[PDB]
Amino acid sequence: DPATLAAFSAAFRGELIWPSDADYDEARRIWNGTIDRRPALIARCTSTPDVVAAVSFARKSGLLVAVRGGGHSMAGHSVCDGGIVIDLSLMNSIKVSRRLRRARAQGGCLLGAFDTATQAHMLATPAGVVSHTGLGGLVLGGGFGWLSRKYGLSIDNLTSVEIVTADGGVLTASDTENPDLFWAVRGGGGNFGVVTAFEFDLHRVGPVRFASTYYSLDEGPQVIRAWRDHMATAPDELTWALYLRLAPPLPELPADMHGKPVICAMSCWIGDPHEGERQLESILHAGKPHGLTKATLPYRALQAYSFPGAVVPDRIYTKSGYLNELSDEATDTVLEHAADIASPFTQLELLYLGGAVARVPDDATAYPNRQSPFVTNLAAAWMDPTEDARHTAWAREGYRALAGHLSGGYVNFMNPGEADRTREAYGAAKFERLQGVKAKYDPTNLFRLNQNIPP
């Protein structure tokens, strides 16, 4: 309808990428490569006007909007099948203040670009763990990493946003402005508009003592029991996480471990590094550490470490869910399907959150399950588009085989066929509450390609 297309390009200094321009089959590809979808319009917005135009445009056309910052939607929400892609990867500017300990970042940032500007001043705020993950879809779901047990979720450090809502208007959501919207972006997602800016508190993070070993699966059941036990009685500065996987062919690992399911235990001490080598070594030798690696490295080097760059996988499938305990038998059943790992890319991720996250009132952010400390995540990953079921089944037949021991679920780990879990994840009180926020701000559900909340 060239009536709309007419004055869009009038107010659009960015770039449009049609299904004919050469760079289309590469701009419609996202990080989860099981997603062969074909949009009809790519907008690489470059400023807030570029977003308001596209959102006004995409309204005045009725196009299924897929918004996109980093592309790491483990459900494929960042590319639509025939709509418009409001792409923000070039909204990537950052302002950092050494003395205000304030940061300010556009919505298309990657974590690495954010951790590189703040660490120029020996600063940081908690965010994800892999650097090319986008800052948008992560922060709009809560977002956790190594700083989270000490400094909380990313939403706990967010002071204000700038958001472009469905009607084509630009707001400012803080605690003194649209606190309803601010309550809902912090854990809701795109549902309520496109966020063109964030503002974070920062924290002085210097070097950290980091260690990562690869215990053997046979000694597994006690380590998981050591890990489960010790993190319930652990200080906020101890961040420990277990990843079950095939041992990479790395020269610090014996060849008689290469390819066989091991336990990768990655730990860091967010404080004085000498209390690091004390508090770390008290937990390092619960099993027999193999492939050992310790270092006193800066935070920005810790965020770029994960994971061990064997490769970046093309095809992934994840099944997540929160936990409250870890029954002795589930511990036996995660070790049951660790010896069934098919590819060296799938990980069975056991993370103990809690810390400064759990010390936050539930009804303070739209993020659910703060009082849940354990987060499990059967993340499959593979290369062969014809081995799709063997890996996808290992997640299903492992998610299910303990789905009674699970509560809720992280929205940012959801798979494509999983919109049915938005109530189960958020809970009836957060959902019912997020309903009337969408009703006010997204009264038409203009932003529907997410873990959606209908008004």
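For the two forms, the rigid core is made up of the largest set of C-alpha atoms that agree within 1.5 Å on superposition. One-based numbering along the sequence shown.
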item: Stretch farther from the shown model on average in 5 other deposited structures of this protein, with CA RMS computed after core superposition (305-313, 243-251); value: 305-313
item: Greater root mean square CA deviation, 373-381 compared with 281-289 in 5 other deposited structures of this protein, core aligned; value: 281-289
item: 210-218 or 235-243, whichever carries the higher mean Cα B-factor; value: 210-218
item: Mean C-alpha temperature factor, higher of 57-65 and 384-392; value: 57-65
item: Most elevated Cα B-factor in the entry, residues 187, 126, 308, 137; value: 308
item: Highest recorded Cα temperature factor - choice among 330, 105, 117, 357; value: 330
item: Third of chain Cα B-factors occupied by residue 281; value: highest
item: Residue 450 by Cα B-factor - lowest, middle or highest third of the modelled chain; value: lowest
item: Cα B factor band for residue 414 (lowest, middle or highest third within the chain); value: middle
item: Among modelled residues of the same chain, the CA temperature factor third for residue 37; value: middle
item: Assigned third (lowest, middle, highest) for the C-alpha B factor of residue 87; value: lowest
